[PDB]
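A.B. asks: Residue numbers (the authors' numbering), protein chains in the order written: chain 7, 51 to 149; chain d, 1 to 351; chain X, 4 to 113. The C-beta atom is built at its ideal place from N, Cα and C for all residues, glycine as well.
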Amino acid sequence: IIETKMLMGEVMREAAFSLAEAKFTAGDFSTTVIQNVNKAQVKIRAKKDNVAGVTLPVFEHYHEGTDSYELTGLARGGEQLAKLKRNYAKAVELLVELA
Amino acid sequence: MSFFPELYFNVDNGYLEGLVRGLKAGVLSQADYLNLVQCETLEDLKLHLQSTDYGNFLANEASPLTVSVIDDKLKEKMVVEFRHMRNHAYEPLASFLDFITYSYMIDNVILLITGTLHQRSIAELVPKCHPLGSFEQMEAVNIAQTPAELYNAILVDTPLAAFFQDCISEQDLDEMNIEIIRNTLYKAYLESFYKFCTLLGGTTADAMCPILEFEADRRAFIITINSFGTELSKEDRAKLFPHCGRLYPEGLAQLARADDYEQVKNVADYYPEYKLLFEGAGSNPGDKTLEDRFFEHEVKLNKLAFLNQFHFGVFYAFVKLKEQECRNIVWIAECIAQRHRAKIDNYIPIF
Amino acid sequence: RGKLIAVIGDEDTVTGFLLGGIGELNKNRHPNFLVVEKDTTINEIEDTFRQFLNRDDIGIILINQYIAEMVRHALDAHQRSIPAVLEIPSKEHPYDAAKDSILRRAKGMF
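(1) Report the three-state DSSP secondary structure of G55 (chain d) (helix, strand or coil).
(2) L125 (chain d) by DSSP, collapsed to three states: which one?
(3) Count the other C-beta atoms from every protein chain shown that fall within 10 angstroms of the C-beta of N35 (chain X), then say buried if there are 16 or more, exposed otherwise.
(4) So, helix, strand or coil for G12 (chain X), using DSSP?
(5) Give the DSSP bridge partners of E90 (chain X), in chain order.
(6) In the DSSP assignment, what residue or residues form a beta bridge with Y112 (chain 7)?
(7) Does any residue of chain 7 have a CB that is nearer than 9 Å to the CB of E27 (chain X)?
(8) Could you tell me the distance, in whole angstroms, from the CA atom of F315 (chain d) to the CA atom of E325 (chain d)?
(9) Just the chain d side, please: which residues come within less than 8 Å of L134 (chain 7) by C-beta, in chain order?
(10) When you compare the CB of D99 (chain 7) with every CB in chain d, is at least one pair closer than 9 Å?
(11) For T289 (chain d), go through chain 7 and note every residue whose CB falls closer than 7 Å to its CB, in chain order.
(12) Name the chain X residues whose beta carbon is nearer than 7 Å to that of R95 (chain 7)?
(13) What do you get for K239 (chain d), buried or exposed, if any count of 16 or more other CB atoms within 10 angstroms of its CB means buried?
(14) Taking all protein chains shown into account, decide if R107 (chain X) is buried (16 or more other Cβ within 10 angstroms of its Cβ) or exposed.
(15) If you measure between the beta carbons of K135 (chain 7) and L22 (chain X), is that distance less than 9 Å?
(16) Within a Cβ cutoff of 7 Å, which residues of the same chain sit near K133 (chain 7), ignoring the five residues on either side of it in sequence?
(17) Under 8 Å by Cβ, that's how I've got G280 (chain d) and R293 (chain d) pegged, so tell me the actual separation to the nearest angstrom.
(18) What three-state label does DSSP hand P34 (chain X) in the structure shown?
(19) Is the CB of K128 (chain d) under 9 Å away from at least one CB in chain 7?
(20) I think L124 (chain 7) touches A76 (chain 7), with their Cβ atoms under 8 Å apart; what is that distance to the nearest whole Å?
(21) Just the C-alpha distance for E179 (chain d) and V83 (chain 7), rounded to the nearest angstrom, thanks.
(22) Report the residue from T52 (chain d), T101 (chain d), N302 (chain d) whose alpha carbon sits nearest the alpha carbon of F214 (chain d).
(23) Taking DSSP's pairing of strands, which residues face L78 (chain X) in a bridge?
(24) Please state if the CB of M78 (chain d) and the CB of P159 (chain d) are separated by a distance shorter than 9 Å.
(25) Would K94 (chain X) pass as a contact of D15 (chain X) if the rule is Cβ separation under 9 Å?
(26) For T18 (chain X) and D78 (chain 7), what's the separation of their Cα atoms in angstroms?
(27) Kindly list, in the order they appear in chain 7, the residues whose Cβ is closer than 8 Å to that of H340 (chain d).
(28) So, under 8 Å CB-CB, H118 (chain d) and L16 (chain d) are touching, yes? Tell me the CB distance rounded to an integer number of Å.
(29) Leaving out five residues before and five after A87 (chain X) in sequence, what residues of the same chain have Cβ atoms less than 8 Å from its Cβ?
(30) Evaluate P92 (chain X) with the Cβ neighbour count: other Cβ atoms within 10 Å of its Cβ, from every protein chain shown; 16 or more gives buried, anything less gives exposed.
(31) When the Cα atoms are used, what is the spatial distance from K288 (chain d) to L45 (chain d)?
(32) Between the stretch 211 to 231 of chain d and the stretch 248 to 268 of chain d, can you find at least three pairs of beta-carbon atoms closer than 8 Å?
(33) Taking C167 (chain d) as the reference, give the member of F228 (chain d), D174 (chain d), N152 (chain d), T184 (chain d) with the closest Cα.
(34) So does the stretch 97 to 117 of chain 7 actually touch the stretch 133 to 150 of chain d, counting three or more Cβ pairs closer than 8 Å?
(35) Output needed for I344 (chain d): all residues of its chain with C-beta closer than 8 Å, excluding positions within five of it in sequence on either side, in chain order.
(36) Can you check whether the CB of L97 (chain d) is closer than 9 Å to the CB of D12 (chain d)?
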């Protein structure tokens with residue numbers, strides 16, 4: 051758990067400086083994104099894990115299907131946003147595993 | 001004008017010319033980036049930047065080291081400085097600076113609209129509103145959150161009503177997402193500014209119109225490029241392509257048919273400067289990308305405008321120059337915070 | 004299927020996880036996350052944390068490390084497995100194992 055948590059920390063830092071570089075090409079995207087909030091593309095599919103005689107609930111990473119939204123107007127910086135999407139997606143996968 | 005410019009040009013351009021030129025003398029060059037790259041901490045960044053136009057801007061404010069307040073203070077000083085400068089303007093340059101004001105009023109309108117759909121007070125959006133789109137007119141705030149009242153009050157209030165009488169219509173806005181709205185407004189504004197500059201022919205047009213032509217062409221490329229991963233129809237792509245570029249007489253139909261990225265490269269191979277720019281896009285870990293090349297060409301044309309002096313581009317290209325100065329300052333700050341020194345010099349300097 | 008991950012974070016982490024797909028407006032038309040800025044109070048933050056805890060449709064929560072420190076007693080007042088609560092670092096506060104409620108439950112395991 052400690053090892054996977056260290057991987058979590060460094061992957062979060064990956065996503066963090068990816069965001070730092072996304073602050074460059076686009077600009078003030080923060081409020082544009084925070085206002086655009088309609089539906090989720092990632093969901094928790096609760097499963098079970100019979101580890102022993104006692105059963106403990108667990109979780110599964112789900113791609114629901116409604117794709118991540120498209121902001122192509124922020125001064126035309128979509129590439130950085132896409133790589134940031136990839137970073138945070140991988141991070142969230144590892145985080146549901148930790149949960 | 002009429003093959004004899006500068007007759008009485010400088011009558012109403014003296015002090016503003018001197019002010020912009022003096023600030024241009026104080027522009028950070030790579031020499032200052034040679035001592036702003038060896039910082040390792042925001043305190044030394046502040047020490048080095050104390051010798052710039054940014055005098056003590058972090059001393060006696062924000063004692064713990066931060067990045068967001070740096071960006072905010074830079075924006076505040078720079079914007080208020082061009083408010084001062086525009087406030088020392090005269091009617092032609094006032095129209096110019098109004099259009100430069102419009103370039104931000106577009107995204108400020110975009111932020112302030114659809115708040116009816118989420119049923120939120122406009123006074124909650126005023127704090128995040130960028131200062132260069134103030135919309136200093138009555139009854140914008142708290143219109144009963146009805147979209148119709150917003151449309152009518154914005155027609156009444158925002159000086160972008162000249163664009164809105166033939167750019168927006170409330171009913172159509174409801175169907176199209178905001179992604180289309182922002183871009184159609186900016187297309188209309190780009191075309192209007194281009195034409196207005198063309199009417200004032202001279203050094204101004206010949207120097208800034210190629211910048212706007214590059215804006216239109218880079219836009220036409222990027223819309224297609226980043227619309228590979230979407231289901232937007234080509235109809236909106238056509239409605240979003242400016243009609244004041246190198247590609248307006250014909251060439252727009254090709255960028256509707258260049259589905260793959262390599263096809264867009266092939267279409268851009270016909271424009272040799274843009275062919276060099278696309279040949280400079282490596283998209284590899286250690287070199288620059290296509291967006292970086294478009295930005296580099298933009299900077300190059302801004303420099304070419306800066307070469308001349310008897311033009312209205314001294315008062316716009318310099319605004320974007322200050323933008324990029326503030327932007328690189330925030331870059332160095334973000335590299336200090338994240339310790340990502342591998343990309344400490346992965347930006348576009350100025351001169 | 005039915006449960007949704009929720010995020011209590013500062014602006015940057017919140018944008019990051021909205022960008023990764025996390026985010027919904029329920030039938031009641033409210034955000035399933037909270038924004039943390041400089042000017043907030045621990046008490047209403049604690050009440051919003053209780054709003055999260057009591058609401059059934061969450062499962063797992065994601066809170067930064069200094070944000071979780073800012074509410075430490077109220078955060079640790081809860082001991083139930085189904086509302087999982089997980090800590091994450093931030094840009095200026097890298098991960099700290101010495102500061103975690105669950106790793107505090109694992110006493111002497113060092």
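C.D. replies: To lay it out plainly:
(1) Reduced to three states, the DSSP call for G55 (chain d) is coil.
(2) Residue state, collapsed to three classes: coil.
(3) By the beta-carbon neighbour count (other beta carbons within 10 angstroms, threshold 16), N35 (chain X) is buried.
(4) In the structure shown, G12 (chain X) sits in a strand (DSSP, three-state: E or B).
(5) Answer is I66 (chain X).
(6) Under DSSP, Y112 (chain 7) forms a beta bridge with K93 (chain 7).
(7) With 9 Å as the cut-off, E27 (chain X) counts as an interface residue toward chain 7.
(8) The C-alpha of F315 (chain d) lies about 16 Å from the C-alpha of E325 (chain d).
(9) Here the premise fails: no neighbours, minimum Cβ distance about 14 Å.
(10) Not an interface residue.
(11) Residues of chain 7 passing the Cβ test: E129.
(12) Residues of chain X passing the Cβ test: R4.
(13) The residue in question, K239 (chain d), is exposed, as its Cβ has fewer than 16 Cβ neighbours within 10 Å.
(14) So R107 (chain X) ends up on the exposed side.
(15) Against a cut-off of 9 Å, the Cβ pair of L22 (chain X) and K135 (chain 7) comes out as a contact.
(16) Same-chain partners within the cutoff: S68.
(17) In this structure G280 (chain d) touches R293 (chain d) by the C-beta definition: roughly 5 Å separates them, less than 8 Å.
(18) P34 (chain X): strand per DSSP, three-state reduction.
(19) With 9 Å as the cut-off, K128 (chain d) counts as an interface residue toward chain 7.
(20) With 8 Å as the limit, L124 (chain 7) and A76 (chain 7) qualify as a contact, their Cβ atoms being about 4 Å apart.
(21) Distance between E179 (chain d) and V83 (chain 7), taken at the CA atoms: about 12 Å.
(22) In terms of Cα proximity to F214 (chain d), the closest of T52 (chain d), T101 (chain d), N302 (chain d) is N302 (chain d).
(23) Its beta-bridge partners do not exist; DSSP assigns none.
(24) No Cβ-Cβ contact shorter than 9 Å links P159 (chain d) with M78 (chain d).
(25) Cβ distance < 9 Å, so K94 (chain X) and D15 (chain X) count as in contact.
(26) So the two alpha carbons sit approximately 12 Å from each other.
(27) Within chain 7, the residues near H340 (chain d) are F67, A70.
(28) So it is not a contact: roughly 42 Å between Cβ atoms.
(29) Closer than 8 Å at the Cβ level, and outside the excluded window around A87 (chain X), lie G62, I63, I64.
(30) Buried is the label assigned to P92 (chain X), since at least 16 other Cβ atoms lie within 10 Å of its Cβ.
(31) Each residue's alpha carbon lies about 26 Å from the other.
(32) Output reads yes: the stretch 211 to 231 of chain d touches the stretch 248 to 268 of chain d.
(33) Per the Cα distances, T184 (chain d).
(34) Segments in contact, no.
(35) Once the five neighbours on either side are set aside, the close Cβ partners of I344 (chain d) are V37, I332, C335.
(36) Going by C-beta atoms, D12 (chain d) is not nearer than 9 Å to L97 (chain d).
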